[PDB]
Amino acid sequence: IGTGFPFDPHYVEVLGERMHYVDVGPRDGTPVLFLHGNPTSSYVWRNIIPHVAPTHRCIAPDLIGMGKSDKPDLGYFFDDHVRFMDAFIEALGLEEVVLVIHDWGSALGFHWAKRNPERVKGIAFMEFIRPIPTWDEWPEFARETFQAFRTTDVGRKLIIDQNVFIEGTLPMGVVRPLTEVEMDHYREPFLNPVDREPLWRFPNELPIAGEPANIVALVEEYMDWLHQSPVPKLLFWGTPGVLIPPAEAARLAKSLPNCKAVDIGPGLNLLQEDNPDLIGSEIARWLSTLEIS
């Protein structure tokens, strides 16, 4: 499993800030937009993009405040991410896209798709944000930690002061061990504690047990949209999962129209780090099937 990030930096001005993105593959055709979540960057896509790049343009931005993107003094609310990702997409002049989305990148992608349904030709998604009706529907092993994250004094001490999301939670969302080189790539954007705001706001935005109400509403609205939409869908899932346990993937594979589900074997949250060759190969082959009517 490759540790290298062999992609030239691309930058675009977005709302008076600069965002970093990977941009590889042919210039023409429908682009494939890859959206990472918490607490990763375009680095999470590094071993999946090589399967897609031969046939499609691959675009993998770093969310505002993350990766090699700028770090303005925001609260990094989901609303901030929405504002910046909307402006990113318009800044590149993207018309129709295929979405490949994960964790908070999936909340961005589904929310955008809902608002721009004629521009989304396909969605591949994994370990995505859905409402977690109660804390019992959150994995027991992660329950105490995410409950602690979702306070101001304790949460901010763990995530901002001690960097527990990067040093602890991240490696514990992968079944295989992350190497030191991989950890250093994930650490790089957050070496300065003041830049860790996004790592703390994100778990505080998770729609868990009806809170926060604004995120719960927005997430229910896109999961309704997704159940009504004929858009081609590709769902990767792992055992035991974190956001998406196997029973939920089984349910969505049937409830979502035009949905193919693929089992990656053992995984938790960062499925990309446990089976990148399967995810990359299935995306590439599924993209080809979008052109078979």
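One-based numbering along the sequence shown.
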| query | finding |
| --- | --- |
| Higher-scoring stretch by recorded Cα B factor average, 111 to 119 or 183 to 191 | 111 to 119 |
| Mean C-alpha B-factor comparison - 142 to 150 and 86 to 94, higher one | 142 to 150 |
| Among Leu199, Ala124, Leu206, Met172 - the residue whose C-alpha B-factor is largest in the record | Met172 |
| Out of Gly65, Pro246, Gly37, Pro50, residue topping the C-alpha B-factor column of the entry | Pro246 |
| Chain-wide C-alpha B factor ranking for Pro212, given as lowest, middle or highest third | highest |
| Cα B factor band for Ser42 (lowest, middle or highest third within the chain) | lowest |
| Chain thirds of CA B-factor: placement of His81 | lowest |
| Chain-wide C-alpha B factor ranking for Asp70, given as lowest, middle or highest third | lowest |
| Chain-wide C-alpha B factor ranking for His56, given as lowest, middle or highest third | middle |
